[PDB]
2 protein chains.
Amino acid sequence: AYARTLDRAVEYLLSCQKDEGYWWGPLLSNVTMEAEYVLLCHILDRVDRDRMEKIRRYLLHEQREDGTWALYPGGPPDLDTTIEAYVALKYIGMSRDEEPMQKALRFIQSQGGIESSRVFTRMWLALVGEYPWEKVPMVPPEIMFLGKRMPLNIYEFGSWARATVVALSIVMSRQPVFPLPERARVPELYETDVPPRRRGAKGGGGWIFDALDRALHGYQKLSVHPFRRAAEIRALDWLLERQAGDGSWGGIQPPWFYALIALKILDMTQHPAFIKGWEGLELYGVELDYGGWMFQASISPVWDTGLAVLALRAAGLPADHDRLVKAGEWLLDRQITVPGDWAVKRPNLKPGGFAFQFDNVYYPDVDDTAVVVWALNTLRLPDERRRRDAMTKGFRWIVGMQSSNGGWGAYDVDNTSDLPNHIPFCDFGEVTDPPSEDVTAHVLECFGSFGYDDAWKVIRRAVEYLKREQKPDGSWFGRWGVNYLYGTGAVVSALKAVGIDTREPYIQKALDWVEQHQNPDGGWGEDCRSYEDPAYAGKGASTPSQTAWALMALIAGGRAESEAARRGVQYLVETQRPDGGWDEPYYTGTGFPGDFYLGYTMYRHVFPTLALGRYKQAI
Amino acid sequence: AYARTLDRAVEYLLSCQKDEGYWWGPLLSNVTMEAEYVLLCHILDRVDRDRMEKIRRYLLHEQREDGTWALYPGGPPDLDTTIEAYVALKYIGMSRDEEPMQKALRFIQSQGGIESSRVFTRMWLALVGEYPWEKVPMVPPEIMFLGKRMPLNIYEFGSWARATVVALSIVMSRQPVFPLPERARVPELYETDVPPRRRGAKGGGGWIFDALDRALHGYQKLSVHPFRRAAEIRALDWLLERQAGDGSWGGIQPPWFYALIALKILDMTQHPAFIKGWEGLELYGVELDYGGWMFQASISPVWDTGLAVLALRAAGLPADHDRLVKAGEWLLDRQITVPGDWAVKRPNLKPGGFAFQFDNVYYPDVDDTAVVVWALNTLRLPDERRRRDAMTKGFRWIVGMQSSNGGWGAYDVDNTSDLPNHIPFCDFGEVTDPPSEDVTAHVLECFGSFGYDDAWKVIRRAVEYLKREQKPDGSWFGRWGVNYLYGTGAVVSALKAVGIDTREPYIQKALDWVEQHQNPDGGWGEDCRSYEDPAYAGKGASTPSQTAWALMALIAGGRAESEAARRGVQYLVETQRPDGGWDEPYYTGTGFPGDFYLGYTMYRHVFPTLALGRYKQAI
Ligand SMILES: C=CCN(C)Cc1ccc(-c2ccc(C(=O)c3ccc(Br)cc3)cc2)cc1
Ligand SMILES: C=CCN(C)Cc1ccc(-c2ccc(C(=O)c3ccc(Br)cc3)cc2)cc1
Ligand SMILES: CCCCCCCCOCCOCCOCCOCCO
Ligand SMILES: CCCCCCCCOCCOCCOCCOCCO
């Protein structure tokens, strides 16, 4: 029955594997990437007509009937996104008259205009001179002077925010303006009677920061700022030291772009770091078959490869399958062996983690590290020496990364400061990197493969963490994946692997929750709205991935031979394509709950296989 | 008569011009470049067997009958050079028995062995573990803390020494040892009864430094060095900021190599700066037709192009010659527009100088800047806007670079501290960059082209400088060229161009000196020994370049229609080759008086043409 499905799924995945032996599916986000890229090019004065064209087809293509753009497919119109896309188009050549421009423009106005956009959006517009810098939250270079153990020092922010802050401080220090030609000026973004509904700091704004900000903008106007030169250079050097190998910065769109702008400000366009940083961009671009061109918010080669293996293995392929060995060898050459920013909290910890992308040594994440090691642990590579050795390093690194609450974060340890969440500047996404349930889950699942059970203190401290975090309905929040189905699946799957008794009450209370949301079509689905409106928890169109997750939670809980269980399997078997793959017009990945969503291209193929592979195991 | 000579010389130069429109002749030095490269590769663990082979052919090729190597062709055996070449070969594969190894080894021993070599040589050997680090002059990272106006701060050293110091401080901070395989160990470098004749600090060693050094080596042994981490990082960042565009550092062999080693020490082999720095090396390498491979101490594209133009122009070609325009346009794209280390002394000075090599913005030198501007001033480019503009920037820069004595240095202003010359570490070449006669001369000649005469204060202050520096015999020392013929020519030529009366006494006393050294063969020549033994002043085998220089001094002094004058011309006319070029088996370029000599490949073709072009002008 399901066998034929698996056979097709397997041969498919194997056909997607690159020559080097790794898998790499594109990452989907929203048009702000491409939109901001257009502006960046204008800033750096490097506009390629032909590319602008490809970027135009894309933008329009992504626009919806109402003439707006959303964060995820089938999502509500987003002001910020739409504003940036609007400005982008108008710059490329669109006239404010054309239908697309008209519809989008009207949506923007009906929202209070530009004054309702996030800090970033207003900042970008500020950079081109379409918005006063004075009305933009201030971040001083001086911030570079705060010590390791001081309120608001760059190491209190999450890795993804840290770099951005350092880069921007230099930019805001100079508050540069790169004028747009008249044809692109967008004053119409102000023409609106609707009251501006401004967004506030994530965790709420304290009058202190509010004042402090007003203070900064004032000090900004003085004719002399003592030690600012030093402050700037401190930031520059900080960047110069951590530039990724591919020329990026952290392997993410934000800092990379701002870092390049900062260098342009400091007349360093002929310096190696900038050059390498510039041409590095192409690697993240993507030619679209319909003529468009998109820029990836980040790349997931390692991540994809890791899950790809675990899936193919759990599916059936030999632990020494010559094709899976290509992956094993590849993964071993990826392991990081040098101190990263995480070393600031664990100086006596030995490097051994892995990164999300290709070459990003200063920022290994616990998630990848766990999945990679675990994946390797299920293989038989020619050189048992390095396999044995590597796993050990990674293992020990993961352990030494465990936070105080027994949980695991993504990049840093106990990065749980609550101070940064109140700054005026931080009004978008997460700013700190505290421990999460899904990351912790994957870790336990990893150790589990080795055998380490509940007896070991480390495991228990974590389990306790998860138990305390479980939601009233017995569900688990999904941090880097949409959402409760994603989390619950991970946890249960983990707990099952660490020896815990699946018969437990809270465990059962979880499985029930799963079966309780199984859509009529047999599969499961959860819309990204489940981050905003609690009514969508476990609700949404069924997707290959989300179905596989809920399917794993069941197989782990012993209910593999159940109705809902066998039903969900049917879904996957049926909805499968002739080539063996699966389609997924929806996003199941999460960047920042309620603010940034991602589309993991491989998920629709990997998880369904992994789930089916495990179902075939329960029989 | 000479006409046919010129026509052939011109068409020849034009045939050497690259497509982009610039000239670029290889730069010759000594085997220490290649020898150290071999060690570097070993250090970075990147040895290419095939390359080692090419490097071996070269090394042997350069070895003389006695089995030694010298700094210049036809020069006395050099210990340092020979030692490094010996170690290099033995590493590549040579056995201490083979004839070449035998002769060289004996010479080394007859000199007191390794204990008689320069600091660098012992340091390199220290890096591979063939010499105790303790016996190597110490240079602490802490040096990075000295302020702009403090004794021995990095800005008291010459640009070429500065970078090296910063890079090395990190290396000496860790005192790493990269062991050589047994087959390469060179203990035999100690086996000698001869008393070790150690070289001392350039300007003599003060017991203070001697003590201070002993102190540093002691502090080096402590279990804790407060703020050293910071000191190191201060040095690293300093390097990361000034890395050249081609991946080098200053565009010279020394710092570049040490900088790469320093990065290797700091586990930064996967960092962009290191990668770019590594592959950048290839650009300086050179394939030799006989199988060998040499590495250039530096590259002279700009320098060559500049003189090439002035020669072709003074020769006859139209100021708008389509071929000379390729050069003009090219040169304009070279001008630097950002602050360099020179800005530390002239913060309110606007960038406008040029560099010696292709892409080296942080280190423009007065010499190139002068020759380039002047060269442009003799052309008619399509865009008189930028030609006019560029010249002005460069001109004003040169002016603002003039030192206190009215003379011009090479890279910095008043870089005349005498303190660094006494440090134990500085026992090789120049360490400071004070004003010189030849540089000042070229500058005056430059302004002269514009018309600025002795009336202008700047010119007078300089002329006074030259007058005070003139030697008893009315000759002028040659700093960056061998030697008195080189200097005298420059000065006289300059003074003539700035309006000065050539009939003056000191001027005449100079010309006489020239005619007085004309060899029998009609031409002039000066051996590099003229830096060590004053008996060689103006003495040596005749060379195309040196003849052209002395020939210019005469043409400028009005004695163009003289016997010696017409005689020297005959030499050039006769000694010319069928293709129109000229041969020059001797070095006429100077790096560091008595310690480092260079061979400028283009000199033998450019100067002879320029001189003949000017002779044809006197008629
Ligand atoms: C399932 C595994 C997840 N795992 C932890 C890996 C991982 C880590 C981080 C990312 C990520 C990448 C880019 C962004 C932003 O665009 C962003 C936008 C705004 C700011 Br401010 C900063 C970054 C965000 C997140 C994606 C995947
Ligand atoms: C005729 C015009 C000259 N003009 C000023 C240009 C110019 C400037 C500097 C060079 C030069 C290059 C490399 C070296 C060393 O090898 C060296 C060796 C030891 C140490 Br310590 C540092 C550098 C030396 C000098 C060559 C040419
Ligand atoms: C340059 C001194 C080398 C000592 C560095 C080790 C510092 C410990 O890590 C602390 C965290 O800072 C992150 C460092 O890794 C980034 C690259 O900086 C270059 C050399 O480490
Ligand atoms: C960060 C300050 C930016 C202002 C630029 C003025 C820099 C003056 O340089 C002082 C001398 O140091 C030599 C410079 O070359 C180094 C490049 O530093 C890069 C940008 O500042």
# chains A, B, ... in the order shown; residues from 1 in each chain; ligands from 1
>>> interface_residues(of="chain A", to="chain B", cutoff="9 Å", atoms="only C-alpha atoms", output="PyMOL selection string")
chain A and resi 236-238+240-247+267-268+270-273+275-276+337-338+359+361
>>> write_last_selection(atoms="N, CA and C atoms", output="mmCIF file, in the first residue's frame")
data_model
loop_
_atom_site.group_PDB
_atom_site.id
_atom_site.type_symbol
_atom_site.label_atom_id
_atom_site.label_comp_id
_atom_site.auth_asym_id
_atom_site.auth_seq_id
_atom_site.Cartn_x
_atom_site.Cartn_y
_atom_site.Cartn_z
ATOM 1 N N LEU A 236 32.928 48.856 13.263
ATOM 2 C CA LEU A 236 33.503 48.427 11.996
ATOM 3 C C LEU A 236 34.374 47.197 12.209
ATOM 4 N N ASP A 237 35.346 47.317 13.110
ATOM 5 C CA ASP A 237 36.246 46.212 13.412
ATOM 6 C C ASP A 237 35.449 44.975 13.816
ATOM 7 N N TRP A 238 34.398 45.174 14.608
ATOM 8 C CA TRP A 238 33.561 44.065 15.050
ATOM 9 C C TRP A 238 33.028 43.312 13.836
ATOM 10 N N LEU A 240 34.236 43.550 10.557
ATOM 11 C CA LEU A 240 35.363 43.031 9.788
ATOM 12 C C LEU A 240 35.866 41.685 10.296
ATOM 13 N N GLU A 241 35.735 41.453 11.595
ATOM 14 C CA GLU A 241 36.205 40.209 12.180
ATOM 15 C C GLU A 241 35.268 39.030 11.972
ATOM 16 N N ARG A 242 33.967 39.293 11.936
ATOM 17 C CA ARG A 242 33.000 38.214 11.807
ATOM 18 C C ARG A 242 32.348 38.041 10.450
ATOM 19 N N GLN A 243 32.909 38.650 9.411
ATOM 20 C CA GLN A 243 32.324 38.499 8.083
ATOM 21 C C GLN A 243 32.382 37.031 7.669
ATOM 22 N N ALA A 244 31.249 36.506 7.215
ATOM 23 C CA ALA A 244 31.160 35.112 6.795
ATOM 24 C C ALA A 244 32.115 34.808 5.652
ATOM 25 N N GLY A 245 32.314 33.524 5.383
ATOM 26 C CA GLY A 245 33.204 33.130 4.312
ATOM 27 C C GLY A 245 32.666 33.483 2.942
ATOM 28 N N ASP A 246 31.357 33.339 2.756
ATOM 29 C CA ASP A 246 30.740 33.651 1.471
ATOM 30 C C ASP A 246 30.617 35.157 1.231
ATOM 31 N N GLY A 247 31.151 35.947 2.154
ATOM 32 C CA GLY A 247 31.089 37.388 2.007
ATOM 33 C C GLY A 247 29.892 38.000 2.702
ATOM 34 N N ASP A 267 33.625 55.078 2.872
ATOM 35 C CA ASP A 267 34.438 55.036 1.655
ATOM 36 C C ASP A 267 35.331 53.803 1.554
ATOM 37 N N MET A 268 34.762 52.634 1.819
ATOM 38 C CA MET A 268 35.519 51.393 1.757
ATOM 39 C C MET A 268 34.977 50.466 0.679
ATOM 40 N N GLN A 270 36.431 49.847 -2.035
ATOM 41 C CA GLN A 270 37.563 49.214 -2.704
ATOM 42 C C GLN A 270 38.309 48.296 -1.751
ATOM 43 N N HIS A 271 37.735 48.095 -0.570
ATOM 44 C CA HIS A 271 38.319 47.226 0.443
ATOM 45 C C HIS A 271 37.818 45.795 0.211
ATOM 46 N N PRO A 272 38.680 44.794 0.438
ATOM 47 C CA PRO A 272 38.323 43.385 0.249
ATOM 48 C C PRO A 272 36.982 42.970 0.843
ATOM 49 N N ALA A 273 36.786 43.251 2.127
ATOM 50 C CA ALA A 273 35.550 42.889 2.818
ATOM 51 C C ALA A 273 34.299 43.294 2.048
ATOM 52 N N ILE A 275 34.092 44.184 -1.351
ATOM 53 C CA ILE A 275 34.065 43.491 -2.628
ATOM 54 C C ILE A 275 33.492 42.093 -2.432
ATOM 55 N N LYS A 276 34.171 41.300 -1.614
ATOM 56 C CA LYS A 276 33.743 39.939 -1.335
ATOM 57 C C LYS A 276 32.301 39.924 -0.850
ATOM 58 N N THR A 337 35.164 24.447 13.938
ATOM 59 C CA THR A 337 36.181 24.167 14.952
ATOM 60 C C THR A 337 36.822 25.415 15.549
ATOM 61 N N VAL A 338 36.122 26.542 15.488
ATOM 62 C CA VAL A 338 36.649 27.782 16.039
ATOM 63 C C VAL A 338 35.613 28.511 16.894
ATOM 64 N N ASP A 359 29.064 28.299 4.604
ATOM 65 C CA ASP A 359 30.225 28.733 5.372
ATOM 66 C C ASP A 359 29.911 29.875 6.339
ATOM 67 N N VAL A 361 31.024 30.028 10.165
ATOM 68 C CA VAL A 361 31.670 29.510 11.365
ATOM 69 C C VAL A 361 31.378 30.195 12.697
#
>>> residues_near_ligand(ligand="ligand 2", cutoff="7 Å", atoms="only C-alpha atoms and all ligand atoms", output="PyMOL selection string")
chain B and resi 160-161+164+252-254+297-298+356+365+367-368+410+428-429+431+480-481+591-592+596
>>> residues_around(residues="residue 387 of chain B", least_positions_apart="3", cutoff="9 Å", atoms="only C-alpha atoms", output="JSON, numbers by chain")
{"B": [328, 329, 332, 376, 377, 379, 380, 381, 382, 383, 384, 390, 391, 392]}
>>> residues_around(residues="residue 346 of chain A", least_positions_apart="6", cutoff="10 Å", atoms="only C-alpha atoms", output="number ranges by chain")
A: 339-340, 397, 400-401, 412-413
>>> write_last_selection(atoms="C-alpha atoms", output="PDB file, in the first residue's frame")
ATOM      1  CA  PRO A 339      35.194  30.034  18.781  1.00  0.00           C
ATOM      2  CA  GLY A 340      32.031  31.881  17.804  1.00  0.00           C
ATOM      3  CA  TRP A 397      29.148  21.282  22.330  1.00  0.00           C
ATOM      4  CA  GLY A 400      27.730  22.763  27.061  1.00  0.00           C
ATOM      5  CA  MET A 401      25.115  24.929  25.354  1.00  0.00           C
ATOM      6  CA  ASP A 412      23.514  31.570  22.523  1.00  0.00           C
ATOM      7  CA  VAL A 413      23.177  30.364  26.105  1.00  0.00           C
TER       8      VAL A 413
END
>>> select_by_dssp(residues="segment 140-217 of chain B", states="helix (DSSP H, G or I)", output="ChimeraX atom specification")
/B:141-145,154-156,159-174,182-184,187-189,207-217
>>> select_by_dssp(residues="segment 385-619 of chain A", states="strand (DSSP E or B)", output="VMD selection string")
chain A and resid 408 415 433 436 481 589 to 592 596 to 600
>>> write_last_selection(atoms="N, CA and C atoms", output="compact mmCIF listing (two decimals), in the first residue's frame")
# COMPACT_ATOMS: atom_id res chain seq x y z
N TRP A 408 17.17 24.52 25.50
CA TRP A 408 18.19 24.95 24.56
C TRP A 408 17.72 26.08 23.65
N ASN A 415 20.47 33.50 26.62
CA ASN A 415 20.29 34.80 26.00
C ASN A 415 18.82 35.12 26.25
N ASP A 433 17.33 35.57 22.07
CA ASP A 433 17.32 34.17 21.71
C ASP A 433 17.25 33.23 22.91
N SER A 436 13.82 27.31 23.51
CA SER A 436 12.50 26.98 22.96
C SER A 436 12.25 25.48 23.04
N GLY A 481 8.83 26.63 13.46
CA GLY A 481 7.97 25.88 12.56
C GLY A 481 6.52 26.11 12.91
N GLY A 589 7.11 27.03 7.83
CA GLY A 589 8.29 27.45 8.56
C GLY A 589 8.08 28.79 9.23
N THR A 590 8.71 28.97 10.39
CA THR A 590 8.57 30.22 11.14
C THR A 590 9.90 30.90 11.42
N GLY A 591 9.96 32.20 11.12
CA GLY A 591 11.16 32.98 11.37
C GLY A 591 10.96 33.68 12.70
N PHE A 592 9.94 34.53 12.75
CA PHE A 592 9.58 35.27 13.95
C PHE A 592 8.07 35.21 14.12
N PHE A 596 7.51 37.18 10.73
CA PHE A 596 8.31 36.69 9.61
C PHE A 596 8.13 35.19 9.43
N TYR A 597 7.66 34.79 8.25
CA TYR A 597 7.43 33.37 7.97
C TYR A 597 8.27 32.88 6.81
N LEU A 598 8.60 31.59 6.83
CA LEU A 598 9.43 31.01 5.80
C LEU A 598 8.81 29.79 5.14
N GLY A 599 9.25 29.53 3.91
CA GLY A 599 8.75 28.39 3.17
C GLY A 599 9.91 27.46 2.89
N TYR A 600 9.98 26.34 3.61
CA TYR A 600 11.05 25.37 3.41
C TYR A 600 10.66 24.40 2.30
>>> residues_around(residues="residue 483 of chain A", least_positions_apart="6", cutoff="9 Å", atoms="only C-alpha atoms", output="PyMOL selection string")
chain A and resi 476-477+526-528+530-531+537-538+546+588-590
>>> write_last_selection(atoms="N, CA and C atoms", output="compact mmCIF listing (two decimals), in the first residue's frame")
# COMPACT_ATOMS: atom_id res chain seq x y z
N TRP A 476 2.22 21.85 22.30
CA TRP A 476 3.50 22.54 22.44
C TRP A 476 3.74 23.55 21.32
N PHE A 477 4.03 24.78 21.72
CA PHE A 477 4.29 25.88 20.81
C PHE A 477 5.41 25.55 19.81
N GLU A 526 -2.10 23.64 9.71
CA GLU A 526 -2.12 24.75 10.65
C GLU A 526 -1.65 26.03 9.96
N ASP A 527 -2.56 26.99 9.85
CA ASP A 527 -2.25 28.25 9.19
C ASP A 527 -1.41 29.15 10.09
N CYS A 528 -0.55 29.96 9.46
CA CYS A 528 0.33 30.87 10.19
C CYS A 528 -0.42 31.86 11.06
N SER A 530 -2.23 31.07 13.37
CA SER A 530 -2.20 30.47 14.70
C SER A 530 -1.21 31.16 15.65
N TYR A 531 -0.52 32.17 15.14
CA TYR A 531 0.44 32.92 15.95
C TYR A 531 -0.24 34.20 16.44
N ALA A 537 -5.23 27.48 16.18
CA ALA A 537 -4.30 26.50 16.73
C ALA A 537 -4.66 25.11 16.22
N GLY A 538 -3.83 24.58 15.32
CA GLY A 538 -4.10 23.26 14.77
C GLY A 538 -5.12 23.32 13.65
N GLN A 546 3.04 19.31 7.66
CA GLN A 546 2.26 19.34 8.89
C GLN A 546 1.54 18.03 9.17
N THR A 588 5.17 26.53 6.21
CA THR A 588 5.11 25.74 7.43
C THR A 588 6.31 26.08 8.31
N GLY A 589 7.11 27.03 7.83
CA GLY A 589 8.29 27.45 8.56
C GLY A 589 8.08 28.79 9.23
N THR A 590 8.71 28.97 10.39
CA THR A 590 8.57 30.22 11.14
C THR A 590 9.90 30.90 11.42
>>> residues_around(residues="segment 515-524 of chain A", least_positions_apart="6", cutoff="9 Å", atoms="only C-alpha atoms", output="ChimeraX atom specification")
/A:485,537-551,554,564-572
>>> write_last_selection(atoms="C-alpha atoms", output="mmCIF file, in the first residue's frame")
data_model
loop_
_atom_site.group_PDB
_atom_site.id
_atom_site.type_symbol
_atom_site.label_atom_id
_atom_site.label_comp_id
_atom_site.auth_asym_id
_atom_site.auth_seq_id
_atom_site.Cartn_x
_atom_site.Cartn_y
_atom_site.Cartn_z
ATOM 1 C CA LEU A 485 1.525 20.602 15.231
ATOM 2 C CA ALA A 537 -4.303 26.501 16.734
ATOM 3 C CA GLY A 538 -4.100 23.264 14.774
ATOM 4 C CA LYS A 539 -6.420 24.734 12.149
ATOM 5 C CA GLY A 540 -5.692 25.316 8.479
ATOM 6 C CA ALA A 541 -5.504 23.662 5.073
ATOM 7 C CA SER A 542 -3.743 20.304 5.185
ATOM 8 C CA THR A 543 -0.109 20.211 4.038
ATOM 9 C CA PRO A 544 2.281 17.289 3.381
ATOM 10 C CA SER A 545 4.685 18.440 6.095
ATOM 11 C CA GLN A 546 2.262 19.341 8.890
ATOM 12 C CA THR A 547 0.488 16.044 8.267
ATOM 13 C CA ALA A 548 3.794 14.200 8.611
ATOM 14 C CA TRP A 549 4.521 15.961 11.906
ATOM 15 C CA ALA A 550 1.188 15.139 13.540
ATOM 16 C CA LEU A 551 1.647 11.674 12.070
ATOM 17 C CA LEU A 554 1.032 9.578 16.871
ATOM 18 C CA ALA A 564 -6.592 8.964 12.618
ATOM 19 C CA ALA A 565 -3.141 7.448 12.200
ATOM 20 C CA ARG A 566 -3.974 5.219 9.229
ATOM 21 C CA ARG A 567 -6.181 8.018 7.880
ATOM 22 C CA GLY A 568 -3.386 10.566 7.787
ATOM 23 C CA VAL A 569 -1.206 8.016 6.008
ATOM 24 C CA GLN A 570 -3.880 7.683 3.338
ATOM 25 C CA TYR A 571 -3.727 11.436 2.739
ATOM 26 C CA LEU A 572 0.013 11.398 2.055
#
